[PDB]
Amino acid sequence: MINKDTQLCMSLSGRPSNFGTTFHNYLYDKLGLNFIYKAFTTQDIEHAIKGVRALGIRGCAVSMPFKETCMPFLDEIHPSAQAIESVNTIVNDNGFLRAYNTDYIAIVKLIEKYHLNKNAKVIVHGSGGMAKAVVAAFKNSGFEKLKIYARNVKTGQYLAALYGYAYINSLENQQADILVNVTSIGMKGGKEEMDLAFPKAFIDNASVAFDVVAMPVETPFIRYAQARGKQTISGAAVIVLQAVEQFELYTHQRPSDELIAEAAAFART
């Protein structure tokens, strides 16, 4: 039951999804919070962000293609967003817009949650999407042994140079303990849906398979890792935790694990 004091939280993207509108509104209801959430789009990021401030909108998720173009209009870029020079979350504190990156925060949190060993050898396959957030999260968690495997050579080399890691154009001779997929390989509907993000021989020799692809959870990479009894981390965990972190920033409440799982189930539908 909306009233004048209800706070609006929102998202801005070139192609809005229903995930956050479903997920956040469910949790507001369950937690007794006088908040509503809606996804929006725009063709004018400048006046959209200036609008969020002027209208007293509390919270705004930022998606492609605005994660960098929003930044000139914000008041304070927090370390999560500084770490990868990209914003996915804005919190309006009485007109002062503070910027975060909860994809980065989520990845750091999952590294910790799964007790990944900073002495282990990591290979990241991919140079786009979540690659930068992944690479930075590992670096700032103290991992020194990481290689970026990617088909885009210049972007691959850049990411390695920026974070003090190495670039490889192939997997020959390489061993690794932690395999992370940040490509579109395995994505439902993609041309690479039924492809492996890493070769079986590589997965066999690894201990951890972390696939940032979220749909399906059971990509060929994840499924094979499970068939070999390896530890797995799925992209669904990333999407959910990054949303939870936004929710907590906006409302000052962290929902329980039980309610997050119900909300996630409500929103996958």
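The first residue of the shown sequence is 1; numbering continues from there.
**Q** Tell me which stretch has the larger mean Cα B-factor in this entry, 124-132 or 69-77.
**A** Looking at the recorded C-alpha B-factors, 124-132 comes out higher on average.
**Q** Per the PDB record, is the mean Cα temperature factor higher over 36-44 or over 199-207?
**A** According to the PDB entry, the answer is 199-207.
**Q** Highest recorded C-alpha temperature factor, please, choosing from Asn92, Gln157, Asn181, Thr89.
**A** Highest CA B-factor of the listed options: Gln157.
**Q** Of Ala106, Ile185, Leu97, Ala150, which one's C-alpha B factor is largest in the deposited record?
**A** Answer for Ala106, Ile185, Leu97, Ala150: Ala150, with the highest C-alpha B-factor.
**Q** Consider only the C-alpha atoms of the modelled residues in this chain, order them by B-factor as the entry records it, and name the third containing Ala267: lowest, middle or highest.
**A** Ranked within chain, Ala267 CA B lands in the highest tercile.
**Q** Among all modelled residues of this chain, ranked by Cα B factor, put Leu55 in the bottom, middle or top third, i.e. lowest, middle or highest.
**A** Lowest third of the chain for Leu55's C-alpha B-factor.
**Q** Can you work out whether the C-alpha temperature factor of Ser17 puts it in the lowest, middle or highest third of the chain?
**A** For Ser17, whose C-alpha B-factor we compare with every modelled residue in the chain, the answer is the highest third.
**Q** Looking at the temperature factor on the CA atom of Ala176, which third of the chain's modelled residues does it land in?
**A** For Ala176, the deposited C-alpha B-factor lands in the highest third.
**Q** Tell me, lowest, middle or highest third: where does the Cα B factor of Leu162 rank within its chain?
**A** Its C-alpha B-factor belongs to the highest third of this chain's values.
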